[PDB]
Structure formats: C-alpha cells, structure tokens
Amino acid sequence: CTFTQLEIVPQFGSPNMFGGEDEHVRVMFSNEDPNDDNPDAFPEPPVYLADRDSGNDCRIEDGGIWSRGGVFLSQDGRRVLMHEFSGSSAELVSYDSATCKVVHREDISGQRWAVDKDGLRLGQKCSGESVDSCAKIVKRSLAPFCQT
C-alpha cells in the first residue's frame, strides 16, 4: 500500500484552516499560532478527516504535534499517515480515515526519515535533515501502517 504525500495549504473562506484533499480523503488543521500565518506544524487538535466515499467526517482529538506536510494518504484512501513530534522525540502514526482511530504507530526518535512509493527509510549518523545525509540507512515496511 503506497502513500503519497498530501500537501497542506491555506483554505480560502475559512480564516485559519490549512488542509488538502484527494479523491478519497480531505484532511484539515487549524492554526492557533498568534504570530505565524504560515506555520510548519499544528499542535492543537482536532485534526478533521473527511471520507469522501461515505460522505462522513470524523475528528482526531489528540496527538503529538503534527507536521504540515508530513501527512500522507494511502492509494485506497483507507489510511492517513502522519508525522508527529514532541521535543526531540517523533513518530509516524497511521489513522483509519473512516473512524479516525489510530491503527499503527512507530517511534522514530533520533532518525531522519523519508516516505515515497518505495516505502519508508530511516537513517542515523546524519549530517543534515534529509535521510540521504545519513551514514547508516534502513528500509522499513509500511505494511503494518495500512492493512486490509
């Protein structure tokens, strides 16, 4: 199951909302930073998920600080994979798009990371934020993050 990154942008007509959509899922955050109208992260829940195949929506009510565009959608629209962090720790967390329930969560603290058609890559002894600057690099399956 493949995840494509979902770019998160300002919505016109809804003053501090940021989100993005595809054929299956719409995702949305609200920006509550008083100083920044272009923030990199959203720490205040909820996250709103809309399932466009059912017409229903649900809220994720708690959660690590979410990274704008560390949000990814699965090919079938069933899972929404999100990067979340706090202090120096971080994690990748897959939610069910119909129920907003957490399906899988992986602690990736201390590692650089990247998600693409091929899967997930984590790295250490990095010189930079990109995983490519990492000396050791590990390829990890995304299968537990999205299942049938």
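Numbers for residues come from their place in the sequence shown, where the first is 1.
Averaged over their C-alpha atoms, the temperature factors of 4-12 and 139-147 are higher for 139-147. For the pair 61-69 and 34-42, the mean B factor over Cα atoms is greater in 34-42.
Between the residues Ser89, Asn56, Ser97, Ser94, it is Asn56 that shows the highest Cα B-factor in the PDB record. In the deposited entry, the Cα temperature factor of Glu106 sits in the middle third of values across the chain's modelled residues. Ranked by Cα temperature factor within the chain, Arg121 sits in the middle third according to the deposited record.
Per the deposited record, the Cα B-factor of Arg26 falls in the middle third when ranked against the other modelled residues of its chain. Annotation for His83: C-alpha temperature factor in the lowest third relative to the rest of the modelled chain, per the entry.
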